[PDB]
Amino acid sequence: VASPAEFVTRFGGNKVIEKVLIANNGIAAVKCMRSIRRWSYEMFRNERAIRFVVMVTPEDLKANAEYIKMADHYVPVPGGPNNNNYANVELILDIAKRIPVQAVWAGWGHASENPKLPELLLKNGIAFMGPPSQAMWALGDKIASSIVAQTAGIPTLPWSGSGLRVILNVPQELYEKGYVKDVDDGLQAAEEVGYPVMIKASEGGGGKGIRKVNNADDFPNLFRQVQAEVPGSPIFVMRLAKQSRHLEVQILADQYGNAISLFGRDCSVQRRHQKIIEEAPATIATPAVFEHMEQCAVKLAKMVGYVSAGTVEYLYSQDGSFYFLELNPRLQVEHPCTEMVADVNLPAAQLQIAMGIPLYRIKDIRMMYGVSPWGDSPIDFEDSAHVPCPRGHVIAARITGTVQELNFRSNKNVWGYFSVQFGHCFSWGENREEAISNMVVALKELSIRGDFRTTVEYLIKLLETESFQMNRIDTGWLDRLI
């Protein structure tokens, strides 16, 4: 194809996107540009075919943040906390309208989980490379998403909104039974479910507004803390589960009702609720149980009219039981785990979906389902469920300008980045053992650096432990290892 406009016609889309505004910074802004520009070179032999507009804070400009010079165009925005810049929906819209751009990519963090952003963009004829307003609330809000999950017949752990049920919508009166309007209704909910409990803000993102509660005397101040951490957000109470496996299903949906899973990720290796090690695929679950978890994830996405990328998170037990925990209405930082085993470029798929390209017209998806790479033949994703199989294994490891891309001479199958704080290394292998081995050697090469001496040791130690090698870990594993 000669241009984005020709691509849209040839591949059956309905919206020409030549310019995208990035409502983010750091690795997110860099990853979106790198992934899309690679796809653009493959399609148009011009990596700049889809132009990128970036938002620049005085802080990011003073730091000489790499995403600024990478961008085709940059826009200085007001400094300070993200509510004045990156997370300011009114500012994002104003810039989108002014250039103008044809789509917005929010990534992870900032305004990526604010349902007003796609709402205002749609009103102005601007696409959002993420779910529509409706689907983002009913699946992103924790109380509402658990009610949708229950409506779909997906199991959930005992919580303040247990028993509640009914394209779908959760009415405010039903929703209001699931939440704890005050500390007193909360104390009551905690007593019904039974201690130990979790007080959780439903609008909380990245582990914010969550408190572990062992007894009723501790409850009120812990409730007051959750209110203070995520102000304005409704609050719910849930049973604090036993040590389990934390699993994720990667979802991808177009604008036409087609939604698929891109296998799963195991994110059980956690330290103070922070995801430390991720793996793709999620080998711990029984193939039949994981297939069920995948179908539930697709049903749940289809029910609310979900579009773009999403993550369905589950708590899994050795019993073979699983419980819906939440839906992440955006791309995650650990998404390359999936990209590598599924051979799906996630930001490019988000772009194509926003251009109205059906899933069956995306080369990556066609290949995944074993059909012609350039054909227009519709795919029955339900009938070809056994057809996709992961290509090898990936291990992701959390490590502790603004973005330094870290290249390894020890391995061709390992890559990473360090941000300014934390970063991630990604190791592919033909199988799990082969992927852990490459990670160790890469972390050992990384160990030769000064700043990465102490930090990489505990990771090398955890990766070599018999429990990890034998995949006999759980959510409480790391926290008791120290």
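Start at 1 with the first residue shown and count on from there.
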property: Unmodelled stretch of the deposited sequence separating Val420 from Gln421, binned as none, 1 to 3, 4 to 9 or 10 or more; result: 10 or more
property: Chain break class at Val166/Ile167 - deposited residues not modelled; result: 10 or more
property: Residue range whose averaged C-alpha B-factor is higher in the record, 448-456 or 22-30; result: 448-456
property: 246-254 versus 135-143 - which carries the larger mean C-alpha B factor in the record; result: 135-143
property: Top Cα B factor in the deposited entry, candidates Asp94, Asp364, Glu334, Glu229; result: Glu229
property: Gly205, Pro281, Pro100, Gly161, ranked by C-alpha B-factor: the highest one; result: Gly205
property: Chain-wide C-alpha B factor ranking for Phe324, given as lowest, middle or highest third; result: lowest
property: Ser35 - which third its CA temperature factor falls in, relative to the rest of the chain; result: lowest
property: Entry-reported Cα temperature factor of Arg409, expressed as the chain third it lands in; result: highest
property: Ranked against its chain, the third holding the CA B-factor of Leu346; result: lowest
property: Chain-relative CA temperature factor third for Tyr175; result: highest
